[PDB]
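Enquirer: Could you have a look at this structure, given as structure tokens, before my questions?
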Amino acid sequence: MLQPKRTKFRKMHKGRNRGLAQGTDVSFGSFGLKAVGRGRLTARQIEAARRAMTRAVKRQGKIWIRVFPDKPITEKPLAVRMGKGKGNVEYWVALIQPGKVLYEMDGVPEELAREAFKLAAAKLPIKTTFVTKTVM
Amino acid sequence: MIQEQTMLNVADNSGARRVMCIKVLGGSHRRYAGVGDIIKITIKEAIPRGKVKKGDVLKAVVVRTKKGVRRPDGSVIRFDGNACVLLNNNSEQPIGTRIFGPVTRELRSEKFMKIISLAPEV
Amino acid sequence: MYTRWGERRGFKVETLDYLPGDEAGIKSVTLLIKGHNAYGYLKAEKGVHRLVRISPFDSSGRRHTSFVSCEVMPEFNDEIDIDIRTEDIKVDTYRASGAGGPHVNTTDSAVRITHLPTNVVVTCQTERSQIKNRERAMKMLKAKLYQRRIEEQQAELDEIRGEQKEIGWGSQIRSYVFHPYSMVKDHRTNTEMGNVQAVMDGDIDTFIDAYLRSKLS
Amino acid sequence: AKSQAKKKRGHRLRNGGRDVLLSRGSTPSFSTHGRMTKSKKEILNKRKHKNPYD
RNA sequence: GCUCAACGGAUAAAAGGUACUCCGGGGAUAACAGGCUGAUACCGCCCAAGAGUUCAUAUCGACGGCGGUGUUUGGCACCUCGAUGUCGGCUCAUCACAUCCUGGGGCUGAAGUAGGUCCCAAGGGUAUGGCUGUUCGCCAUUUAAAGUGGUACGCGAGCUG
RNA sequence: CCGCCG
RNA sequence: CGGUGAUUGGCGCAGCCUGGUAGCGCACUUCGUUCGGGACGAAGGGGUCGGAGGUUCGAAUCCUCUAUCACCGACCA
């Protein structure tokens, strides 16, 4: 569960999730799991996909998570009326736009990278795809 | 017509003196129990030298009723009091070794033949 | 002797509990011998010890024979239990057993929890909301799951402290004769060392290895 | 009379017991008292074998 | 010269109870029930780490993921405050199928008996008592089985209280 | 005045 | 649940509130008294203040949450 050590403010606004992504290229490794769909990605989902990728590649090659959560999601307790403040910071998500390369790996064959990324993307809410790095 | 919460006298010498029917066995929602009918009973009274004690739950079969049996010619044999023979709780064999009072022809089957050999009349 | 053995072995004698004697001696002591193979060595110390000497606290010089019981357990300090959820936590929500409010007229708040391990069943019914009954029923789930954990720890350790506590004189090992002829003898392995001072300075290693070598056969 | 400690033990064994005497340390089958060989007073006036005087 | 700080400051000077209560109003505003939603709850499915002697997928299924139902606890206050009578029992029911029984199947870690799980199927059936106001639950003894829900948590111009 | 125990 | 008030030596409490400056009693250690033990004297040690993070030159102390503990309220239908 990745989470910001010593963040500035405790809570933050909801906001929107518009636009396309920024890190749209495989830059560190050679095989990448990219996002076709929008949505949020919790730290639990990110650690679950990372555990699937590590257990699939059996601790070979390098693994890059190209997203950190850094957005506090609050939640109101239940049997509690509306108003009377703001809910407690319960989990942390990372906003994900289409085209965001979520994961990267290197040092693994391509078909085993495809299987590791399939086992990853089974555990994520958003639609993904497998992209390869390219020169220029 | 033995139903539940019905007190019965005891025909054999098994030690009980008055029992109470708590369950008419065999068939859901069953109201009554005729003569050749197994019931579940509790022992509400016993003799001190009995094989069974007061407050035990075991099995019995009726041998006499006041409502009485009806023969195929239309005859009816009404006794004076409802009596029962205390059987075993699982093997359905009588506890005692003797039988007081008469029984009917409706105890003609192998288990109740073991009963009916010991009976004085039929 | 036991601290001079533990520190020569390199172990750590922590001395959890202690109680002095009135004139001389001790009245009770409970040690913690931090070591790798600590209980594997100190299995050989279970049972009473016999000391035959002349008491310096005497005046007549009577031979004083003395008996000190030694109970030595292995410690755990495990405390490793978090949840149970891999089985079926069979829960139930029902109207609580109460009057004097709108609980009997309107809604159900009470929570029963049933476990397949050892049939732990817990009721929480008195907090005006079903959700806090689930949360406090989880707290009183752990508040007896940890208790039964201590019950099973204690039930194992009671078998440990009652393994061989029925033999008559065979529970008496380690006669430390000082006054007439000065020999230490073990009464289960039949070995003996005639220099009792080197034994009392902590060289019970031969008496432990002979014990394990006998109980291995 | 049974002691107040034993009455508290009985109440706590009826009400969700543990039987703490199992967790008591088991005494040996013999007696562990202090054995002292006799003094010169005791041996000098023990009067054994009671042989008459001449 | 005012913590006239309830800070555009009614007076220089002021706390409570009311189930003994009363009036004027409000569905502008709560309790019940309906509505909207579905966090929660329940039911189902996706991935498969692992358990299952071997073997992910007979049976389970972690980390996580996606739905359905309206079905628990809720959220909101849309209907009703010129009145929509609550819980439980009795009597009488009717529908759903996410089937307890009977009926038909596939797989089985299915020898047989008896099971486990899933698929099809709603024609009929689906206890009596002890305790408690209890629904529920526990217990006793049965039963082929003692189904889960909807119906103003069915049913007081039908009864009880 | 105070002076318990073995 | 929140509201409200505490965690200081091995124990029970101070000190906190006012920012620099941790002590009381028991207990412990050594010596003395005594045949010895207690009692009593005489010397001596004892904690970096629940945890973490900020204020400030500086925090046991001022705030901020997190843990633990105890009290109070958790209502009307």
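In the structure tokens, chains take letters A, B, ... by order of appearance, with residues numbered from 1 within each chain and ligands from 1 in the order shown.
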Just list as a PyMOL selection string whatever in segment 3-216 of chain C DSSP marks as helix (DSSP H, G or I).
Expert: chain C and resi 3-8+38-45+130-160+196-200+205-215
Enquirer: Could you list, as a PyMOL selection string, every residue of chain C that has an atom within 12 Å of an atom of chain G, counting only C-alpha atoms (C1' of nucleotides)?
Expert: chain C and resi 21-24+57-59+100-103+105-106+126-129+131-133+135-136
Enquirer: Show me, as a list in words, the residues that have an atom within 12 Å of segment 60-71 of chain G when counting only C-alpha atoms (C1' of nucleotides), minus same-chain residues fewer than 2 positions from it.
Expert: residues 10 of chain A; 3, 4, 5, 6, 7, 8, 15, 16, 17, 18, 19, 20, 22, 47, 48, 49, 50, 51, 52, 53, 54, 55, 56 and 73 of chain G
Enquirer: Can you pull out every residue within 8 Å of residue 44 of chain A, counting only C-alpha atoms (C1' of nucleotides), but drop anything in the same chain fewer than 2 positions away, and send it as a list in words?
Expert: residues 1, 42, 46, 47 and 48 of chain A; 64 of chain E
Enquirer: Could you give me, as a ChimeraX atom specification, the residues within 12 Å of residue 74 of chain A, counting only C-alpha atoms (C1' of nucleotides) and dropping anything in the same chain fewer than 5 positions from it?
Expert: /A:10-14,85-93
Enquirer: Can you pull out the residues contacting residue 23 of chain D? Cut-off 10 Å, using only C-alpha atoms (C1' of nucleotides), and skip same-chain residues under 3 positions away; I want them as a list in words.
Expert: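 Here the answer would be residues 154, 155, 157, 158, 159, 161 and 162 of chain C; 18, 19, 20 and 26 of chain D.
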Enquirer: Please produce, as CSV, a per-residue contact table for chain A versus chain G (criterion: any atom at most 12 Å away, only C-alpha atoms (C1' of nucleotides) considered), showing the nearest atom pair and its distance in Å to one decimal, sorted by chain then residue number.
Expert:
```
residue,atom,partner,partner_atom,distance
A:5,CA,G:53,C1',11.6
A:6,CA,G:53,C1',9.1
A:7,CA,G:53,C1',11.8
A:10,CA,G:65,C1',10.9
A:77,CA,G:1,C1',10.7
A:78,CA,G:1,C1',11.5
A:79,CA,G:1,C1',10.7
A:80,CA,G:1,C1',10.3
```
Enquirer: Pull N, CA and C atoms from the residues just selected and write them as an mmCIF file, in the first residue's frame.
Expert:
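Okay, out-v2.cif is ready:
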```
data_model
loop_
_atom_site.group_PDB
_atom_site.id
_atom_site.type_symbol
_atom_site.label_atom_id
_atom_site.label_comp_id
_atom_site.auth_asym_id
_atom_site.auth_seq_id
_atom_site.Cartn_x
_atom_site.Cartn_y
_atom_site.Cartn_z
ATOM 1 N N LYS A 5 4.204 9.659 2.473
ATOM 2 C CA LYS A 5 4.769 9.976 3.773
ATOM 3 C C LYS A 5 4.854 11.483 3.903
ATOM 4 N N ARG A 6 4.158 12.033 4.904
ATOM 5 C CA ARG A 6 4.141 13.464 5.220
ATOM 6 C C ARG A 6 3.612 14.274 4.028
ATOM 7 N N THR A 7 2.320 14.117 3.788
ATOM 8 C CA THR A 7 1.683 14.961 2.792
ATOM 9 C C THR A 7 1.270 16.299 3.415
ATOM 10 N N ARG A 10 -4.449 17.218 4.776
ATOM 11 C CA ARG A 10 -5.003 15.905 5.082
ATOM 12 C C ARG A 10 -5.996 15.460 4.022
ATOM 13 N N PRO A 77 -18.670 7.944 7.657
ATOM 14 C CA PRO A 77 -19.170 6.741 8.324
ATOM 15 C C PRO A 77 -20.641 6.522 8.029
ATOM 16 N N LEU A 78 -21.083 5.291 8.218
ATOM 17 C CA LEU A 78 -22.473 4.969 7.950
ATOM 18 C C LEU A 78 -23.278 5.007 9.238
ATOM 19 N N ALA A 79 -24.604 5.046 9.067
ATOM 20 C CA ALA A 79 -25.566 5.531 10.065
ATOM 21 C C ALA A 79 -25.196 6.928 10.557
ATOM 22 N N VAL A 80 -24.739 7.769 9.633
ATOM 23 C CA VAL A 80 -24.333 9.140 9.914
ATOM 24 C C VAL A 80 -24.998 10.032 8.879
#
```
Enquirer: Quick one: residues within 8 Å of residue 14 of chain C, only C-alpha atoms (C1' of nucleotides), excluding same-chain residues fewer than 4 positions away - as a ChimeraX atom specification?
Expert: /C:31-34
